[PDB]
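Handing you this structure, nothing more for now.
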Amino acid sequence: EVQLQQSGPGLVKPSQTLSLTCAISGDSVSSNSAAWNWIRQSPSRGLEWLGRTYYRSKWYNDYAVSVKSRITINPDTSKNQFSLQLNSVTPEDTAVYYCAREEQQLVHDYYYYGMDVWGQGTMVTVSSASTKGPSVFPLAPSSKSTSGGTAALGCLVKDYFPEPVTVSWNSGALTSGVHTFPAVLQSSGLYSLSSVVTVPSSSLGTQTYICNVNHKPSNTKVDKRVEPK
Amino acid sequence: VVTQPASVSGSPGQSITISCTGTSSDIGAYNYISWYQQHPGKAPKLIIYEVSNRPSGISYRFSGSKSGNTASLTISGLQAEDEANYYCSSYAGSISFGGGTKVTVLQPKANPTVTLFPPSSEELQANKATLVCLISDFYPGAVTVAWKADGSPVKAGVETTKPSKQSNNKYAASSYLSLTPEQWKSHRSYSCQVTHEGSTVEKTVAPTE
């Protein structure tokens, strides 16, 4: 299994340089048969190729014309990674950025598969506002949240910036009946989000419930115990 | 620049075909055309390479062809898991993606589950009051949320999300009513009202806690 571990989400302030790292494991960054690409995606722009770095005896770079003057991709044989740098960012650079491997088949018949393996993507938001961690409030289960022996309980992840937030329950042990709702953009330009698990109300007295809110952009993690009342 | 239709819909069992059209310098230049499938919040996956090649793991329900300056993808036996974005891409030194096609798998109507949470005593001690109205499991993706206090319609302080695709192709939404702790105490009733097709579903909370 070839896997691409990417560089964690955050905020780049305007006019600064964007910098991301893709770490390969299960393949060599200097592969005969590979190329290491960066691709970004925005809801209004779609998938946008940024460029590639490949090693065929010598090292090589292709870039896309819309970024040719602002971009640098940097392989690292030492660490088995390659990096992306984009200068002089503006809100137009807010996007999810992906690293992908372009793979050619060098055995029997040559095949050109394209982007066969993708990193999970890191969201970069370019904004002049500052990162803010969430405040997490318990949405308590109550006999007024039960419908036939089911209880709904939740965490209100309030007033954070930028995105994203990831929410787990009971450190990832509780996954069935979990519903995490996409965030609302408040008129303050801060985000809020709610996450709920449906659980047997008969387990409220025997099972502890904890939502684990991770906000990588602010190196903050909050675990909130949700008790009934 | 490579054109795809924005949106395609279909019923289970039917067959669908996404057009991908460009120029002699993009799609018709070579036969290095690839198609990708993307579910929301996940990375794209190669499902077709070289116009018609299925990578190992992809069902035969996925077919690919090319004619002239139009490559094209086809999904037979449309299953609910086929709801996703789809993109063609073409190699010519540089790499061009098509604008994307959201593929919907038609489903029967479903009415929403609605859950209303009052403000937590923790948020109230921080001089804040948020009512949270959670709407899930409805189809199609369009709802109307109204809020009322002591029976009277309320517009000040409401923020409601666009519907978003769940993993069962149904839709979720959420709506928040912001108040001060005093207004939360100055009324004896607050309600979230969710309308969808015909049905309306209304839930009420009261500050006696």
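Side chains included, hydrogens not; waters and symmetry mates left out as well; all remaining heavy atoms used. In what follows, chains carry the letters A, B, and so on, assigned in the order in which the sequence lines appear, proteins first and then strands, with residues in each chain numbered from 1.
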Is A:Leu153 in contact with chain B via its backbone, its side chain, both, or neither, using a 4.5 Å heavy-atom distance?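 Just its backbone gets close to chain B.
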Tell me, for A:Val136 versus chain B, whether the close heavy atoms (under 4.5 Å) come from the side chain, the backbone, both or neither.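 Interface part for A:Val136: backbone (N, CA, C, O).
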Measure A:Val65 against the heavy atoms of chain B and call it side chain, backbone, both or neither at under 4.5 Å.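 Neither part.
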What part of B:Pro44 gets closer than 4.5 Å to chain A, counting heavy atoms only: side chain, backbone, both or neither?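 Both backbone and side chain.
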Could you list each N or O donor-acceptor pair linking chain B to chain A at a distance under 3.5 Å?
unit_1   : atom_1 : unit_2   : atom_2 : d
B:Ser34  : OG     : A:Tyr113 : O      : 3.3
B:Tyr36  : OH     : A:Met115 : N      : 3.1
B:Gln38  : OE1    : A:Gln41  : NE2    : 2.8
B:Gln38  : NE2    : A:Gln41  : OE1    : 3.2
B:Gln38  : NE2    : A:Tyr98  : OH     : 3.2
B:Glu50  : OE2    : A:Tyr112 : N      : 2.7
B:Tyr87  : OH     : A:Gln41  : NE2    : 3.0
B:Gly93  : O      : A:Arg52  : NH1    : 2.8
B:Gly93  : O      : A:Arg52  : NH2    : 2.7
B:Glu122 : OE2    : A:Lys224 : NZ     : 2.9
B:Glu159 : OE2    : A:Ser187 : N      : 2.8
B:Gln166 : OE1    : A:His179 : NE2    : 3.0
B:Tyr176 : OH     : A:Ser194 : N      : 3.3
B:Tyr176 : OH     : A:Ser194 : OG     : 3.1

Of all the heavy-atom pairs spanning A:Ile39 and B:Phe97, show the shortest one and how long it is.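 Result for this residue pair: CG2-CE1, 4.0 Å.
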Which atoms of A:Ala100 approach chain B - backbone, side chain, both or neither, heavy atom under 4.5 Å: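 Neither part.
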For A:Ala152, which atoms come within 4.5 Å of any heavy atom of chain B: side chain, backbone, both, or neither?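 For A:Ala152, the contact with chain B is made by backbone and side chain together.
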Answer with side chain, backbone, both or neither: which region of A:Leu139 has an atom nearer than 4.5 Å to a non-hydrogen atom of chain B?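 Contact with chain B involves both backbone and side-chain atoms of A:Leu139.
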By a 4.5 Å heavy-atom criterion (distance strictly below it), what part of B:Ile135 contacts chain A: side chain, backbone, both, or neither?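 Backbone of B:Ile135 only, per the 4.5 Å heavy-atom cut-off to chain A.
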